[PDB]
Each structure stands twice: as structure tokens, then as C-alpha cells.
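Colleague: Below is the file structure_25.json, with JSON, C-alpha atoms (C1' of nucleotides).
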```json
[["chain", "number", "residue", "atom", "x", "y", "z"],
["A", 393, "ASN", "CA", -19.92, -22.06, -9.42],
["A", 394, "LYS", "CA", -16.47, -22.69, -7.92],
["A", 395, "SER", "CA", -14.80, -20.07, -10.13],
["A", 396, "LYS", "CA", -17.33, -17.47, -8.95],
["A", 397, "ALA", "CA", -15.50, -17.10, -5.62],
["A", 398, "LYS", "CA", -12.18, -16.69, -7.44],
["A", 399, "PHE", "CA", -13.69, -14.04, -9.72],
["A", 400, "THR", "CA", -15.10, -12.22, -6.68],
["A", 401, "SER", "CA", -11.73, -12.30, -4.89],
["A", 402, "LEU", "CA", -9.90, -10.97, -7.96],
["A", 403, "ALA", "CA", -12.51, -8.23, -8.45],
["A", 404, "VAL", "CA", -12.25, -7.16, -4.80],
["A", 405, "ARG", "CA", -8.46, -7.05, -5.12],
["A", 406, "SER", "CA", -8.68, -5.06, -8.37],
["A", 407, "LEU", "CA", -11.05, -2.57, -6.71],
["A", 408, "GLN", "CA", -7.92, -0.85, -5.35],
["A", 409, "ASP", "CA", -6.27, -0.55, -8.77],
["A", 410, "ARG", "CA", -4.76, 2.79, -9.78],
["A", 411, "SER", "CA", -6.62, 2.90, -13.10],
["A", 412, "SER", "CA", -10.16, 4.27, -12.98],
["A", 413, "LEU", "CA", -11.50, 2.18, -15.87],
["A", 414, "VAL", "CA", -10.30, -1.01, -14.17],
["A", 415, "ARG", "CA", -12.13, 0.06, -11.00],
["A", 416, "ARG", "CA", -15.36, 0.74, -12.91],
["A", 417, "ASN", "CA", -15.15, -2.64, -14.66],
["A", 418, "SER", "CA", -14.51, -4.37, -11.33],
["A", 419, "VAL", "CA", -17.57, -2.63, -9.87],
["A", 420, "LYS", "CA", -19.57, -3.82, -12.89],
["A", 421, "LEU", "CA", -18.30, -7.38, -12.41],
["A", 422, "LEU", "CA", -19.27, -7.36, -8.73],
["A", 423, "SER", "CA", -22.71, -5.96, -9.59],
["A", 424, "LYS", "CA", -23.24, -8.69, -12.19],
["A", 425, "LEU", "CA", -22.11, -11.37, -9.72],
["A", 426, "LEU", "CA", -24.40, -10.04, -6.98],
["A", 427, "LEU", "CA", -27.39, -9.72, -9.34],
["A", 428, "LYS", "CA", -27.44, -13.48, -9.99],
["A", 429, "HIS", "CA", -25.65, -16.02, -7.79],
["A", 430, "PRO", "CA", -26.06, -19.78, -7.28],
["A", 431, "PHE", "CA", -26.90, -19.00, -3.62],
["A", 432, "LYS", "CA", -30.62, -19.00, -4.38],
["A", 433, "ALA", "CA", -31.87, -22.58, -3.88],
["A", 434, "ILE", "CA", -32.78, -21.90, -0.24],
["A", 435, "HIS", "CA", -33.56, -18.44, 1.20],
["A", 436, "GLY", "CA", -32.74, -16.79, -2.10],
["A", 437, "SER", "CA", -32.38, -13.04, -2.68],
["A", 438, "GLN", "CA", -31.50, -12.55, 1.01],
["A", 439, "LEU", "CA", -27.85, -12.16, 2.07],
["A", 440, "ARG", "CA", -27.75, -11.50, 5.83],
["A", 441, "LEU", "CA", -24.49, -12.22, 7.64],
["A", 442, "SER", "CA", -26.18, -12.80, 11.00],
["A", 443, "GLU", "CA", -28.87, -15.12, 9.61],
["A", 444, "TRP", "CA", -26.39, -17.14, 7.54],
["A", 445, "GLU", "CA", -24.05, -17.42, 10.54],
["A", 446, "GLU", "CA", -26.95, -18.65, 12.69],
["A", 447, "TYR", "CA", -27.87, -21.20, 10.01],
["A", 448, "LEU", "CA", -24.25, -22.39, 9.85],
["A", 449, "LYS", "CA", -24.16, -22.74, 13.64],
["A", 450, "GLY", "CA", -27.39, -24.73, 13.52],
["A", 451, "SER", "CA", -25.95, -27.04, 10.86],
["A", 452, "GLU", "CA", -22.80, -27.49, 12.95],
["A", 453, "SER", "CA", -24.89, -28.37, 16.01],
["A", 454, "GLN", "CA", -26.98, -30.81, 13.95],
["A", 455, "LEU", "CA", -23.84, -32.57, 12.70],
["A", 456, "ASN", "CA", -22.39, -32.63, 16.22],
["A", 457, "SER", "CA", -25.55, -34.23, 17.64],
["A", 517, "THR", "CA", -25.54, -43.15, 5.83],
["A", 518, "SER", "CA", -26.64, -40.17, 3.74],
["A", 519, "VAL", "CA", -26.60, -37.95, 6.85],
["A", 520, "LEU", "CA", -22.81, -37.69, 7.08],
["A", 521, "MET", "CA", -21.97, -36.39, 3.61],
["A", 522, "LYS", "CA", -25.31, -34.55, 3.34],
["A", 523, "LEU", "CA", -24.39, -32.44, 6.37],
["A", 524, "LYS", "CA", -20.82, -32.16, 5.06],
["A", 525, "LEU", "CA", -22.06, -30.68, 1.77],
["A", 526, "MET", "CA", -24.48, -28.39, 3.61],
["A", 527, "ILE", "CA", -21.68, -27.13, 5.87],
["A", 528, "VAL", "CA", -19.27, -26.52, 2.99],
["A", 529, "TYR", "CA", -22.03, -24.71, 1.07],
["A", 530, "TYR", "CA", -22.78, -22.52, 4.10],
["A", 531, "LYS", "CA", -19.07, -21.78, 4.56],
["A", 532, "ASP", "CA", -18.82, -20.76, 0.90],
["A", 533, "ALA", "CA", -21.87, -18.52, 1.37],
["A", 534, "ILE", "CA", -20.30, -16.92, 4.46],
["A", 535, "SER", "CA", -17.04, -16.30, 2.58],
["A", 536, "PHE", "CA", -18.92, -14.76, -0.36],
["A", 537, "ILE", "CA", -20.93, -12.52, 1.98],
["A", 538, "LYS", "CA", -17.74, -11.37, 3.70],
["A", 539, "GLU", "CA", -16.14, -10.62, 0.33],
["A", 540, "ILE", "CA", -19.21, -8.63, -0.77],
["A", 541, "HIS", "CA", -19.16, -6.72, 2.54],
["A", 542, "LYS", "CA", -15.49, -5.82, 2.09],
["A", 543, "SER", "CA", -16.15, -4.77, -1.52],
["A", 544, "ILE", "CA", -19.07, -2.63, -0.34],
["A", 545, "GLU", "CA", -16.84, -0.90, 2.22],
["A", 546, "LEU", "CA", -14.13, -0.32, -0.41],
["A", 547, "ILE", "CA", -16.63, 1.10, -2.92],
["A", 548, "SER", "CA", -18.16, 3.32, -0.23],
["A", 549, "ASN", "CA", -14.69, 4.72, 0.45],
["A", 550, "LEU", "CA", -14.24, 4.95, -3.35],
["A", 551, "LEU", "CA", -17.45, 6.95, -3.93],
["A", 552, "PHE", "CA", -15.53, 10.25, -4.00],
["A", 553, "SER", "CA", -13.81, 9.98, -7.38],
["A", 554, "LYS", "CA", -12.93, 12.54, -10.04],
["A", 555, "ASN", "CA", -14.53, 10.55, -12.87],
["A", 556, "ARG", "CA", -18.32, 10.62, -12.99],
["A", 557, "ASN", "CA", -18.75, 7.15, -14.53],
["A", 558, "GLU", "CA", -17.00, 5.54, -11.55],
["A", 559, "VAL", "CA", -19.31, 7.43, -9.18],
["A", 560, "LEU", "CA", -22.41, 6.39, -11.13],
["A", 561, "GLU", "CA", -21.36, 2.73, -11.19],
["A", 562, "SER", "CA", -20.56, 2.84, -7.46],
["A", 563, "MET", "CA", -24.03, 4.27, -6.79],
["A", 564, "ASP", "CA", -25.62, 1.55, -8.93],
["A", 565, "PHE", "CA", -23.71, -1.19, -7.09],
["A", 566, "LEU", "CA", -24.64, 0.27, -3.70],
["A", 567, "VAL", "CA", -28.31, 0.46, -4.70],
["A", 568, "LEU", "CA", -28.20, -3.16, -5.87],
["A", 569, "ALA", "CA", -26.54, -4.21, -2.60],
["A", 570, "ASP", "CA", -29.23, -2.29, -0.69],
["A", 571, "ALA", "CA", -31.95, -4.15, -2.62],
["A", 572, "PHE", "CA", -30.84, -7.34, -0.86],
["A", 573, "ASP", "CA", -31.02, -6.93, 2.92],
["A", 574, "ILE", "CA", -27.44, -6.15, 4.00],
["A", 575, "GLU", "CA", -26.42, -4.86, 7.42],
["A", 576, "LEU", "CA", -23.68, -2.63, 5.97],
["A", 577, "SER", "CA", -25.81, -1.37, 3.06],
["A", 578, "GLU", "CA", -27.19, 1.44, 5.24],
["A", 579, "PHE", "CA", -23.63, 2.69, 5.77],
["A", 580, "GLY", "CA", -23.18, 2.80, 2.00],
["A", 581, "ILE", "CA", -26.42, 4.74, 1.60],
["A", 582, "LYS", "CA", -25.30, 7.15, 4.33],
["A", 583, "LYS", "CA", -22.01, 7.73, 2.50],
["A", 584, "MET", "CA", -23.92, 8.19, -0.77],
["A", 585, "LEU", "CA", -26.11, 10.82, 0.92],
["A", 586, "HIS", "CA", -23.10, 13.17, 0.99],
["A", 587, "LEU", "CA", -22.85, 13.18, -2.83],
["A", 588, "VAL", "CA", -24.90, 16.41, -2.82],
["B", 1, "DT", "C1'", -36.18, -2.38, -32.14],
["B", 2, "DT", "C1'", -31.26, -3.31, -33.54],
["B", 3, "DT", "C1'", -26.80, -2.13, -35.43],
["B", 4, "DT", "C1'", -23.40, 1.08, -37.22],
["B", 5, "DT", "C1'", -21.29, 5.65, -37.50],
["B", 6, "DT", "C1'", -19.81, 10.02, -35.54],
["B", 7, "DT", "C1'", -18.01, 12.93, -32.02],
["B", 8, "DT", "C1'", -16.86, 13.68, -27.78],
["B", 9, "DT", "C1'", -14.41, 12.89, -23.66],
["B", 10, "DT", "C1'", -10.61, 10.50, -20.79],
["B", 11, "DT", "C1'", -6.65, 9.36, -19.88],
["B", 12, "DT", "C1'", -0.97, 8.90, -20.61],
["B", 13, "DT", "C1'", 2.93, 10.49, -22.99],
["B", 14, "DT", "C1'", 5.49, 13.70, -25.47],
["B", 15, "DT", "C1'", 6.35, 18.27, -27.11],
["B", 16, "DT", "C1'", 6.57, 23.58, -26.98],
["B", 17, "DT", "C1'", 6.81, 27.95, -25.19],
["B", 18, "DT", "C1'", 8.18, 31.07, -21.42],
["B", 19, "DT", "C1'", 11.67, 33.00, -18.43],
["B", 20, "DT", "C1'", 14.28, 33.45, -14.37],
["B", 21, "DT", "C1'", 18.82, 34.05, -13.00],
["B", 22, "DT", "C1'", 24.02, 34.11, -15.35],
["B", 23, "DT", "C1'", 27.85, 37.07, -17.50],
["B", 24, "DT", "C1'", 29.52, 40.85, -20.63],
["B", 25, "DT", "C1'", 30.86, 45.50, -23.41],
["B", 26, "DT", "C1'", 30.83, 50.22, -23.63],
["B", 27, "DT", "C1'", 30.44, 54.98, -21.87],
["B", 28, "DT", "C1'", 30.75, 58.54, -18.19],
["B", 29, "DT", "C1'", 32.54, 61.42, -14.61],
["B", 30, "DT", "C1'", 36.20, 62.24, -11.16],
["B", 31, "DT", "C1'", 41.02, 62.33, -9.63],
["B", 32, "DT", "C1'", 45.89, 62.69, -10.35],
["B", 33, "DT", "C1'", 49.69, 63.84, -13.56],
["B", 34, "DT", "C1'", 52.41, 66.38, -16.89],
["B", 35, "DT", "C1'", 53.05, 70.76, -19.89],
["B", 36, "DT", "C1'", 53.49, 74.74, -20.99]]
```
As C-alpha cells, please, write out the structure in this file.
Modeller:
Amino acid sequence: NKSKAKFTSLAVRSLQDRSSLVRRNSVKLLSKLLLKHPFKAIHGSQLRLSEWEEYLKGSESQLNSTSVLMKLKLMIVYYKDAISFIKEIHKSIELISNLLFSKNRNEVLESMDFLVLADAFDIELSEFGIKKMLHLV
DNA sequence: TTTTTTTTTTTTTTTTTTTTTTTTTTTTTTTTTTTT
């Protein structure tokens, strides 16, 4: 699970690569990572930045107010990892939305598939991606 | 249904044809000169 964040960061960085095939494969990797993630034990299949931030704030308040110490520590580090992953996915979504207008059709199709998958899970910036996709006519 | 083969397309890299400017040789007509 730890290497998942590294793979996501490398894929987001490679999204800006000059080669088109590399970009399509990075989009595929991000789609595969978003389709199944370890972040499903609690409130699975729902990636909302506001809700996760509120949950993290609640956990921080609970810790501020024997097993309790490290249990809250693990919960907080898990929530921080979730927030970082959500931010990375949001940045990747923005990059792919900017990347929608490409000469190669396979890249466009994979970008549309990734945006649809990201829209399937409730995402605040998914509507922007759908709006950008609407101009593909 | 699953796997293999074909063929088709997508690049990057190299190769091929086209041609725009860069110089040259020969002839022509006019003007001036010399000679009956």
C-alpha cells in the first residue's frame, strides 16, 4: 500500500511527458489505481476532499481532547495519506482535463475513460472535467 | 471463449527530389577609324 502513493506521484509527473504513448499509459495506470484502492475499509468508494478534511479535523480534535494514543496516531496518518492521495488525483484530473485536446485519438479516449471513472466516485472537480469533455463535439 | 496471426496505424529518423538565386559565353547593332 505504501508504494501506491509513489506510483501515483510518478504517474502524475509522467502525465506531462512529451511522448503520447507514455501519457496514455500513465492515464491507464491512474485509472487502474483509482478503480481499486486500499482506501475502502471505511466510507469506501467515496473520495470527497471536504468530507475527508472534516473527518481529519474531527480526528485531530479527538486526539487533542493505552491503545488510544497509537490508535489515533494510525488513524491520523491514514487520513493524511488519504488526503494526499485525493490531492494527487485532483491534480491528475486537472492535468488530464487540460490534456483532453490531443492529436492522437487513443489518448483522448483514455482521458475520457479516466474522467468518467473519476466522475463515478463523487469528486468536486469531476464536474469541471465533464464540462471540458462536453466541448469534444 | 481464448490465443495467435495479419495488417494497419503511429511515431522518429533518414533520405530524395525540387529549385531558387549565382555566374558565364556568344552574337548583334552602333559608332569611330582608315582606305581608297
Colleague: Would you list which chain B residues are within 12 Å of chain A using all atoms listed in the file, as a short mmCIF file (atom, residue, chain, number, x, y, z; two decimals) with C-alpha atoms (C1' of nucleotides), in the frame of the given file?
Modeller:
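After the write, result.cif holds the following:
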```cif
data_model
loop_
_atom_site.label_atom_id
_atom_site.label_comp_id
_atom_site.auth_asym_id
_atom_site.auth_seq_id
_atom_site.Cartn_x
_atom_site.Cartn_y
_atom_site.Cartn_z
"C1'" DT B 9 -14.41 12.89 -23.66
"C1'" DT B 10 -10.61 10.50 -20.79
"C1'" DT B 11 -6.65 9.36 -19.88
"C1'" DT B 12 -0.97 8.90 -20.61
#
```
Colleague: If I take atom CA of residue 452 of chain A and atom CA of residue 426 of chain A, how far is one from the other in Å, to one decimal?
Modeller: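 Distance reported for this atom pair: 26.5 Å.
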Colleague: Could you tell me how far atom CA of residue 569 of chain A sits from atom CA of residue 415 of chain A, in Å to one decimal place?
Modeller: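 If I compute the distance from atom CA of residue 415 of chain A to atom CA of residue 569 of chain A, I get 17.2 Å.
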Colleague: Select, from A:526, A:520, A:397, A:560, the residue with the minimum atom-to-atom distance to residue 425 of chain A, counting all atoms listed in the file.
Modeller: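 Of the candidates, the smallest distance to residue 425 of chain A is held by A:397.
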Colleague: Between atom CA of residue 530 of chain A and atom CA of residue 449 of chain A, what is the spacing in Å?
Modeller: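 Value for the atom CA of residue 449 of chain A-atom CA of residue 530 of chain A distance: 9.6 Å.
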Colleague: Would you list the contacts of residue 541 of chain A as a ChimeraX atom specification, taking every protein, DNA or RNA residue within 9 Å and counting only C-alpha atoms (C1' of nucleotides), but skipping same-chain residues closer than 2 positions in sequence?
Modeller: /A:536-539,543-546,574-577
Colleague: Around the point (-25.5, -16.1, 8.1) (coordinates from the file), which residues reach within 12 Å if we count only C-alpha atoms (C1' of nucleotides)? Answer as a ChimeraX atom specification.
Modeller: /A:435,438-451,527,529-538,573-575
